[PDB]
Amino acid sequence: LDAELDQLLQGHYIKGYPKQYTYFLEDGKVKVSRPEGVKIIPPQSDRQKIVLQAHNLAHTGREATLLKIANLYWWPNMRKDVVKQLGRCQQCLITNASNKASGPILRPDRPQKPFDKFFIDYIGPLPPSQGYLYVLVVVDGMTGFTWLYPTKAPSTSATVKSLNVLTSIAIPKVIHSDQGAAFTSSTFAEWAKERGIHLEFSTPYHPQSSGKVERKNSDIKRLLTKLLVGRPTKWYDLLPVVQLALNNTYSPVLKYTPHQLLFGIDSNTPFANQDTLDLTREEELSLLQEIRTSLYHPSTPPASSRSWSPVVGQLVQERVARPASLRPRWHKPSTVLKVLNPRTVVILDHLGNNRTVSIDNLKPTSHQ
Amino acid sequence: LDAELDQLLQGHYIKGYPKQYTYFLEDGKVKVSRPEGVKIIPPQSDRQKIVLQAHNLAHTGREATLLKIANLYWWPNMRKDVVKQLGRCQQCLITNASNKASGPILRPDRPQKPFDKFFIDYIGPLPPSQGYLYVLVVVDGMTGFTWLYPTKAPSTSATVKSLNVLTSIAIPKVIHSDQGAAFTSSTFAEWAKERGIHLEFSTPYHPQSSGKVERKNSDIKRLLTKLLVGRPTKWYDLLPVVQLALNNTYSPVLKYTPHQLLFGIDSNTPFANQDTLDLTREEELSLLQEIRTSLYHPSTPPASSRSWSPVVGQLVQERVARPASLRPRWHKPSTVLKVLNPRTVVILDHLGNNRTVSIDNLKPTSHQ
Amino acid sequence: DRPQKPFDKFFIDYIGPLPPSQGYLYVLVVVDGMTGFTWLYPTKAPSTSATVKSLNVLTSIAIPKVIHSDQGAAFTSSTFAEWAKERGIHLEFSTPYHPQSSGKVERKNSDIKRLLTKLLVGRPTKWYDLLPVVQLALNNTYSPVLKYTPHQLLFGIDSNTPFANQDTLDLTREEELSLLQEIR
Amino acid sequence: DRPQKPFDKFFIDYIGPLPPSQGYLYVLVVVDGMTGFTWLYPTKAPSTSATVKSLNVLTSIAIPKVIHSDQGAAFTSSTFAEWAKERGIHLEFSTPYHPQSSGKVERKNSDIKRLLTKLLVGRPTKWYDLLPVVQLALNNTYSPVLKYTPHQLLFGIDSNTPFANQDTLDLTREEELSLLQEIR
DNA sequence: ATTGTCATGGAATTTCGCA
DNA sequence: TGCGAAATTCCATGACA
DNA sequence: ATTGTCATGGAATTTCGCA
DNA sequence: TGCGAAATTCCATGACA
Ligand SMILES: O=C1c2ccc(O)c(O)c2C(=O)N1Cc1ccc(F)c(Cl)c1
Ligand SMILES: O=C1c2ccc(O)c(O)c2C(=O)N1Cc1ccc(F)c(Cl)c1
Ligand SMILES: [Mg+2]
Ligand SMILES: [Mg+2]
Ligand SMILES: [Mg+2]
Ligand SMILES: [Mg+2]
Ligand SMILES: [Zn+2]
Ligand SMILES: [Zn+2]
């Protein structure tokens, strides 16, 4: 306030005010003649109010706020004060977009064996076909082998019915699913404990985490669409055809079909491969074990030039899941409790519970 | 057929069949012992059927089809035959995704003067506010100066009412809009002819083309959302506040506000700039003319490594606009009549009319 | 002392009662002092409330440092004073019975009354629709004193609606016959 | 001549009538010849139609080169023959009254009948629900002759449900008392 | 018959204040 | 003729649903 | 308490057939 | 020990709504 600006008018040096300019009084206000022109130097006790009125005109960020202020005022380290306010504007923090990208994706290891890990998910609603609307898709992690079930709803009860049929063949160690209602119910949890099956869940609102099955949904819809061209969308009777068609399709990067990775030999389908015709089953299973372990595995891609990775103790904000019209896209700031891996964290909610969350659904809070 | 495979069994050379392998007969079928194993060599008259049965199993692309065929057969230049079929599978051509990106965007020149070109568009539906649901947004191309009007519908009639108020101030040479119902009606076309105003339309289903106004919609919704935090979404009374707030906000890359680019001097709003206080109006307008012409203009960015640009005579397919569940995402192939610029073309529809279309809504037909 | 600028001073006034047009009876007239640029707003009454509503539109486009008016009731009310104070607009009054604006403004207002009257006759009830075209006419009218139209001075460019027929503004013998009859 | 493989030959047969369970009366039994892997499908009748429906499920997972069966009516119908031909499956019949499969298959089918009967008693109406667990049991049962379970031979890995209690399969005195009474 | 845009806040780079 | 810090410019990111 | 994926078809690169 | 062509591998693009 007055203390500082006093010493100044009488030509003494204050840290921050460059000596080479001259600082007069006029109209009851301290002033300075700067290269851009004459600016008022407000008392420090007045600065936060000024920064705040400038910011509030349109809730502008750093430069656009500064440019308003600079029209009338000058003082030492203006942006420091502007930034101080930006970091406290609740409305800016929760409405503005991020401008930092997520760090590069992980490529989790292929499950070592068939039945080690199932990914499951629903497709639909589809046009009604024999009273059916959805498809449960079950993809074996290691092999890509896929089972399809038509259902009337994405319910626990229809999940359970379908998996009782599937698990006739074998019981998986793990079932990975997203947080759909069908999979997170306590009835489904009991169904899995009853069987020794561990339930693994995707972080919420992050379908990429079920990428294995999501990607197979693509191929399913794509082949259905082709088979249905110029016919009514009667998909129910094509599920079995599509299932077998896909399980016996080569992946060009692997050079094997999912059927082959599961059984190590083709059944009586068209164009069956015959290379192991002179091997005993035991020799064939032995070649299969070799093939299973040496499959191509992709690596983590390069980070984009402006990505961020989470650090324990960081303020970060969780994306609002289904934000109403004209409502903020971000929750209030929260703290990283634990970095589970560079793409997955535990935060202290906003509710405030522990929440395990994908970094894709987080932004780092701006201005610290 | 038999002609070719005859000469072969009796050790004579046929172009395409490498001499260093030996070609026996067995089970009524010509065969060859190749490094991967023994394969049947079908008669040429049989090959298209084979390629087609392999392809049809799951409507696979080049490699995944080839890998099926290679299980049983070998012949010269298999992929040539596979590709020949892929280029004729209607179902594959119209269902598969593209894997070529659009060429880099154009940055059209900033309109030279205020009122040279308006971009207009609707935002909404928004939560009801005093019986209003939409906002007409009018952005002046050169300046970014923006007018906002609350409406009850995105109708021609409310467009006309709003623009009769706006054009009180000045009449624009051009109004650019997208193909919304409100702007493409014959009533709206008459309204513009009556006034000497040329109507320019975006290519269909390509909001980027109205980028000028779309981008301002972002800022409008963003400031409304901030102003409405923790209050009911009563936006009607904030339109005027938001309008003035944005028209007087600096763009950091330009260092001017839209108000400034339009008038060359600030009105009595907070933090008004005072640099031209000692200039006459005429001197000030003269500085404004200088500032208007020297504004930063962005350039066309680098092409991505696998983009395509349209060539006259090319087969290309138009994106299906609102494709039903399990229906193809692409229309049947069509021909580029005219390359209007490297991002805009005229094609021979599918209906088959002339259609002016963005390259972002096209893929080049695969396999020629 | 510094040169005159757009938004330095807005001169406001009411014209009316007029014959009712789509429900409206008055025109609030605003004229920028430096440029002579005119804005017109139809109102149902010469009230503070109707003035505030109309000026709320204009002042969401541009805010004057000063509003000048006569001592009309709408302009001297404590509400209108509160409104102006909230926006940092200084209010300025001519003395009662002695209405003084400026040469440029006086002439402009005179143009406005005469242009209105000319287009009234024949269709005294259809003025609401014509207010836009009136404004364009007025704002693209050459200034004898300055070498420029209000449009040119406000935006610093030529307009796409030049009004090269700088017009009669005078009533033909037939139109006086129409207006001496309408007033009967 | 080439070694035996999974999917070379599926052996099929019906077991039933059983007491009704959730509407069903029979079990179609399919056993892969090379591995001894078993699949079971509940049906309402030993009809061609019910066989086709059930085999349509299995043959959307894997298709055998040959189906072997007795001369049951469901398997000798011209419909079932058309079905098999459409899928390139050769059909194979034992001679009437002389049912012959293979040592491994015969034993497997015998295990199936005995395991069914054991779990029937006490709950002769609840077998529909148990079919999955039966199958797991059967397919994770050690083969004296080969060193491996059907599971291991089919998929070439250990199972997550080993059945280390290679079990009685025999009826306790109490369970014969239950089954000599149910049959009264 | 047409065509992306630009606020944002860390980082990179330039300029300032002083010697 | 050069240093440390402040000021300015650069520019990838993301939303216009 | 968890984590992207992989068919696709031009282009880039390697291998083949022959000398 | 090297060439032209074919075969194979690479890999950006885009959809899992
Ligand atoms: O948006 C959803 C979604 C929401 C809720 C669900 O239960 C669910 O299964 C899905 C789902 O499949 N997708 C599509 C999608 C979008 C982007 C992506 F990267 C991937 Cl992988 C998938
Ligand atoms: O999807 C639409 C759309 C459809 C129809 C309209 O009339 C319309 O105004 C819009 C619209 O604004 N957007 C949002 C959007 C999405 C992506 C972009 F790049 C840009 Cl710029 C804008
Ligand atoms: Mg899901
Ligand atoms: Mg999904
Ligand atoms: Mg629109
Ligand atoms: Mg839009
Ligand atoms: Zn703010
Ligand atoms: Zn196809």
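Throughout, protein chains are lettered first and strands after them, A, B, ... in sequence-line order, and every chain is numbered starting at 1.
Below 30°, between 30° and 60°, or above 60°: for A:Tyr17 and A:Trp74 the angle between ring planes is above 60°, a perpendicular geometry.
Counting atom types as modelled, A:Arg215 pairs no side-chain N or O with a base atom of H:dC16 as donor and acceptor under 3.5 Å. Not a single donor-acceptor pair, N or O on each side, falls under 3.5 Å between the base of E:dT8 and the side chain of A:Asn96. Taking 3.5 Å as the limit, the base of H:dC16 and the side chain of A:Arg222 contain no donor-acceptor pair of atoms between them. A donor and an acceptor atom never sit less than 3.5 Å apart when one is taken from the side chain of B:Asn99 and the other from the base of H:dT13.
The partner of H:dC3 is G:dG17, by the rule that a Watson-Crick or G-U pair needs both atom distances under 3.5 Å. Base-pair partner of F:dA17: not found among the strands shown (Watson-Crick or G-U wobble, both distances under 3.5 Å). In this structure, F:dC11 forms a base pair with E:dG9, meeting either the Watson-Crick or the G-U wobble geometry with both donor-acceptor distances under 3.5 Å.
Annotation: of the two residues near DNA chain H, B:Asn77 and B:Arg306, the 5′-most nearest-nucleotide partner is B:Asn77. Where A:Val253 and A:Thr344 each meet DNA chain G at their nearest nucleotide, the meeting point lying more 5' is that of A:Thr344. If A:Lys255 and B:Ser304 are placed on DNA chain H by their nearest nucleotide, the residue sitting closer to the 5' end is A:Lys255.
Taking 4.0 angstrom as the limit, B:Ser218 places none of its side-chain polar atoms (N or O) nearer than this to OP1 or OP2 of E:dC6.
With A:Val345 as the partner, the side chain to side chain contact (heavy atoms under 4.5 Å, CB included) test is satisfied by one option alone out of A:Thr203, A:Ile359, A:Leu362: A:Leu362.
Closest to the side chain of A:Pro18, from the set E:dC18, E:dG4, E:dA1, is E:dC18. In this structure, the nucleotide among E:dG4, E:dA1, E:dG10 sitting nearest to the side chain of A:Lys100 is E:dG10. Distance from the side chain of A:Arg107 is smallest to G:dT5 among G:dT3, G:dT5, G:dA7. In this structure, the nucleotide among H:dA17, F:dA15, E:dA1 sitting nearest to the side chain of A:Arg319 is F:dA15. Between G:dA11, E:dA7, E:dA1, one nucleotide has an atom nearer to the side chain of B:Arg62 than all others, and that is G:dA11. Closest to the A:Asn341 side chain, of the nucleotides G:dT2, H:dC16, G:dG10, is G:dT2. Out of G:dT3, E:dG9, E:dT8, the shortest distance to the side chain of A:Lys117 is found at G:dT3.
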- Task: Under the salt bridge (charged side-chain N to carboxylate O under 4.0 Å, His left out) rule, what do B:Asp360 and B:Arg319 come out as? Steps first, then yes or no, please.
- Result: CA-CA 9 Å; B:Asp360 280 348; B:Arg319 189 187 302 285; over 6 Å; no
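The pair B:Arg222-B:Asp219 meets the salt-bridge criterion, since a charged nitrogen lies less than 4.0 angstrom from a carboxylate oxygen.
Taken together, H:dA6 and G:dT14 qualify as a Watson-Crick or G-U wobble pair under the 3.5 Å criterion applied to both distances. Using the rule of two distances under 3.5 Å, H:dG14 and E:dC6 do not count as a Watson-Crick or G-U wobble pair.
With hydrogens and angles disregarded, no donor-acceptor distance shorter than 3.5 Å links the side chain of A:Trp330 to the backbone of A:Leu93.
Remark: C1' of E:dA1 and CG of B:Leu348 are 15 Å apart, rounded to the nearest angstrom. In this structure, B:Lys212 places its NZ atom 17 Å from P of E:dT2, rounding to the nearest Å. Protein atom CZ of B:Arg79 is 12 Å distant from nucleotide atom P of G:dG9, rounded to whole Å. In this structure, B:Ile123 places its CD1 atom 9 Å from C1' of F:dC16, rounding to the nearest Å.
Annotation: B:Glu36, atom CD; neighbour count of heavy atoms from other residues, nucleotides and ligands within 6.0 Å is above 12.
A major-groove position characterises A:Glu63, whose side chain places a heavy atom under 5.0 angstrom from a major-groove base atom and none that near the minor groove.
Neighbours H:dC16 and H:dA17 form no stacked pair of bases, judged on six-membered rings against the 5.5 Å and 30° limits.
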